[PDB]
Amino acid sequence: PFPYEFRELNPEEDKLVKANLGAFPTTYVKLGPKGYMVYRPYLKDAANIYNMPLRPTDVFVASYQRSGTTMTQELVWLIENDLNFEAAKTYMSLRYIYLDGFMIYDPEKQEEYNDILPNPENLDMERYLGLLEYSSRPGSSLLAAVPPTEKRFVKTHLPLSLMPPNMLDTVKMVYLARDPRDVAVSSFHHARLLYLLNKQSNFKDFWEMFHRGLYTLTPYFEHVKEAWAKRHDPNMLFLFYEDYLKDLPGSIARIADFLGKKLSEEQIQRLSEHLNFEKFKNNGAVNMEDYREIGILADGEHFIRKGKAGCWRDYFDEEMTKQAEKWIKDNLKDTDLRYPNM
């Protein structure tokens, strides 16, 4: 009973997209009345995700990407698992199901994906083919494969409107937002990390695409505003990335309270030390460096990258800065939505 249509990109939209992602085989469509950008393969599973059976022990960590998902995942996993740090040494990608991870790969275009790499011959092919096959599996079927006697930890960048309405009746969700200018920067570098972008494009080209609602799972503010509207719900915790930076212990204590777990001061500090940036970036369980072994990550880029707020000012000229200002102001008019650092 899926209520949304999709439409093709128009010429002006295709041109902005091509200038950033013209080589990349997976194309986009706009989904529903907000025109959320999904990679085409998402459509085959869209109705299944909209009707996915949920369970009372499910926990979700949701965000527009590059907004503090990985940090939160670790925190929530450890807190739910009685601070069992040993058990958390397993890869994050085996500990959470990535609901919408599949959509980026179209199995119909298998050949085209490794033309994107500068050194295809140096791939560990067994792990690469293993990765392609895993990514062929729709997220809904991944979710459903977990036995009911195992707590399901779910990661998604999908907006609330593409999942079951009233899912929060059943499941708990922690949602992260972050200043979109820093989101834009981090998303630029993350696209470079996975070879999504043309080498000839620059960050301003990325910005143009991002703030106009033409990158993956934007419009950005619509995505945030959907969660913001449900923040009052006892089963939603809306956090800001920037509060992790200002007050990590305070943020952890909020998450623990939200999830029903009492923690001592000593346990919060240990959790906080564990999320120290330099330590976490060196953590093979969460830093995605296992994928570099496979040969699909680009030189220079890292999945855990800098860990700062406000460094967008390094990338924005005076023109882009005024474009960001106008865009943010228009989108915060007639709402109580405010960002902590802004």
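All residue numbers refer to positions in the sequence shown, first residue = 1.
Asker: Output the stretch having the higher mean C-alpha B factor in the entry; the candidates are 287 to 295 and 52 to 60.
Answerer: If you average the C-alpha B-factors of 287 to 295 and of 52 to 60, the larger mean comes out for 287 to 295.
Asker: Output the stretch having the higher mean C-alpha B factor in the entry; the candidates are 129 to 137 and 113 to 121.
Answerer: The recorded data point to 113 to 121.
Asker: Looking at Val174, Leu193, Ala88, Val224, which has the highest Cα B-factor in the entry?
Answerer: Across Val174, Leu193, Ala88, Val224, the entry lists the biggest C-alpha B-factor for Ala88.
Asker: In this PDB entry, which of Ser187, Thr216, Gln200, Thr149 has the top CA B-factor?
Answerer: Within the set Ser187, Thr216, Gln200, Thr149, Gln200 shows the top C-alpha B-factor.
Asker: Using the B-factors in the PDB entry, rank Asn166's C-alpha atom against the chain and give the third, lowest, middle or highest.
Answerer: For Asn166, the deposited C-alpha B-factor lands in the highest third.
Asker: So where's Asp314 on the chain's Cα temperature factor ranking, which third?
Answerer: For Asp314, the deposited C-alpha B-factor lands in the lowest third.
Asker: Place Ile328 in the lowest, middle or highest third of its chain's C-alpha B-factors, as listed in the PDB entry.
Answerer: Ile328: CA B-factor falls in the lowest third of its chain.
Asker: Among all modelled residues of this chain, ranked by Cα B factor, put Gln267 in the bottom, middle or top third, i.e. lowest, middle or highest.
Answerer: Tercile = highest for this residue's CA B-factor.
Asker: Ranking every modelled residue in this chain by its Cα temperature factor as given in the entry, which third contains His232?
Answerer: Its C-alpha B-factor belongs to the middle third of this chain's values.
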